[PDB]
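Listed next as structure tokens is one chain, alone, in the form deposited in one PDB entry.
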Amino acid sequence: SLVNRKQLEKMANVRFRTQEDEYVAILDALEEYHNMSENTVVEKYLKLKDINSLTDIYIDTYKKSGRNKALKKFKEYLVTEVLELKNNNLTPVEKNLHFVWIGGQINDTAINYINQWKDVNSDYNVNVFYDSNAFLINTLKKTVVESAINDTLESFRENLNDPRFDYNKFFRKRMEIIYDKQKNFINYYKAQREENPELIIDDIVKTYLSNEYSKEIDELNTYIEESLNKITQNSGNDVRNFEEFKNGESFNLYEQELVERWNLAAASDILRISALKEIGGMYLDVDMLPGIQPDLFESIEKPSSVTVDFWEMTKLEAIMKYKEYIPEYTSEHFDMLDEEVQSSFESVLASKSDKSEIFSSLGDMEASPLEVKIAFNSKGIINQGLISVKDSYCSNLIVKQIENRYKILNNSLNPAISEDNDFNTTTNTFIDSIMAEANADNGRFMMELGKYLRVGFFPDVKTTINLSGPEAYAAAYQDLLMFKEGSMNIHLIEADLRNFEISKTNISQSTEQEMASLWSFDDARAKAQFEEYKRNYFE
């Protein structure tokens, strides 16, 4: 409970020192805060913000004041009061589950995962967000990348047996060709948009694919039809009917990632937070599954011979092996267990008849109007799981973080692209500008932007997490606890972030599909795909 006016007067007391206007401003504001019983949680937080600002105004005005020590202690009590305000005043979470699949046909694997959530949360409305205008982005990315592969491997033909022509050389040379093909498409998209602003993304994409890659417009229309029909009868919710998002400051960023960068994870990052802000509820990646009942595998001890991650995977594999809720779910990890351990799993699952005995239900959830709750793995916070009440204060802060982060990026990126040079020259101008504009505040953030042009086309490029992903969420939490906006220097520790954790029992994160990233890939996969592309091209 935050100190009252009398308690602060005692802390900041200085014998025979004038009560300065700036000091009385603080005391008045603190007194007002303690008479705000019947005000909203956000109103109370905005008051605590004022009190913090007024306290800073004082310490800045009277630099050598005997009050300053006690006022620095008071600024700490304000932060504790934000957390107490967040933990003790909770409203219901709107019973919505938000999924996103944009850029192409939703796979049966995605639907089968979504259906688990539906079966165990019959009291929840389910939105599977799609873009009715952009069903051909994934077909465009795949066509350009496969053509870039063939163009690269052909350039390798003779100097092939040479170990200098490794997987690293392949991806560097292929990137140059992907960039040229990207620029060609973006230039066509813009040309078509000035000629006829009525044309939608899929109109332009399918005409581009007909012109440049001899694709049949009739086949592409059939694919759109089948994809639109499929999502239509799986709780489909059209982005092109989401007016608040379309009229907002983030839609140009969403289309930047959808249309120019072909990064559907980045576009998903921008959409999911808008959905939570405007509607409220819980966002889940299509690779997440419901929480396993805590008591289910209580009786089965984890072998020392197996990692924590291995064990969490085998739990889901066990369920799917014996209940077959998701057809052709892997048993790769379960099948490595000793027969006695496999038997323990079978015997437990044989004693369960209903899915509600395997997976838990979200039920009535409540959160602070201040907060967006976020999922955790061993590496820290991850936006694959998000809970927020409609129009939460943090949902607003996170939108503003993403918008500010893209402003800094585009400011350095757009000049470089406008010079209309090759990938290396463009990369060089971009990084020069990044390092030029970097300061003490945004230094760390700027050092992560360098690979933006390569996202999805080159191994171990994770730029998106700094722009639209987890780092935006960490920054938004810092904004809340520091009574400010626009944090770039993240100094929060685990203990701070853990106040915003989603309970581990609400999501099963260790799924088969979670282990296969859709927008990034590591060295292991790079090496593997290179060899796969080589034997395919020369047989």
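In this text, rigid core is short for the largest set of C-alphas that superpose within 1.5 Å between two forms. Sequential numbering from 1, following the sequence displayed.
Unshown form deposited with a partner chain bound; subsequent notes refer to it.
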- Query: Do all of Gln256, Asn410 and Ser418 end up near its partner chain in the bound PDB entry, with near meaning a heavy atom within 4.5 Å?
  - Reply: no
- Using heavy atoms and a 4.5 Å limit, would one call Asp151 a contact residue for its partner chain in the bound PDB entry? yes
- Flag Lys400 as yes or no: does it have a non-hydrogen atom within 4.5 angstroms of any non-hydrogen atom of its partner chain in the bound PDB entry? no
- Message: So, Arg157 and its partner chain: in the bound PDB entry, are they within 4.5 Å at any heavy atom pair?
- Response: yes
- For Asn536, is any heavy atom within 4.5 Å of its partner chain in the bound PDB entry, or not? yes
- Item | its partner chain: the contacting residue among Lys277, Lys315, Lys86, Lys215 in the bound PDB entry [heavy atom, 4.5 Å] | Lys215
- Heavy atom within 4.5 Å of its partner chain in the bound PDB entry: which of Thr330, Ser147, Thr232, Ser347? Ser147
- Message: Just to confirm the contact call: exactly one of 318-326, 334-342, 353-361, 138-146 touches its partner chain in the bound PDB entry at a 4.5 Å heavy atom cutoff, so which is it?
- Response: 138-146
- Task: Report the residue, chosen from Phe171, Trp101, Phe242, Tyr393, for which the CA moves 2 Å or more between this form and the one not shown after the rigid core is overlaid.
- Result: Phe171
- Query: Would you say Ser214 moves its Cα by 2 Å or more between this form and the one not shown, aligning on the core?
  - Reply: no
- Item | Is_shifted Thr427 between this form and the one not shown (CA, 2 Å cut-off, rigid core) | yes
- Message: Aligning on the core only, does the CA of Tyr77 end up 2 angstroms or more away between this form and the one not shown?
- Response: no
- Item | Comparison of CA distance in the bound PDB entry with shown form for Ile326, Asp522, at least 3 Å | farther
- Pin down for me whether the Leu518-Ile382 Cα distance shrinks or grows in the bound PDB entry relative to this form (closer or farther, change of 3 Å or more). closer
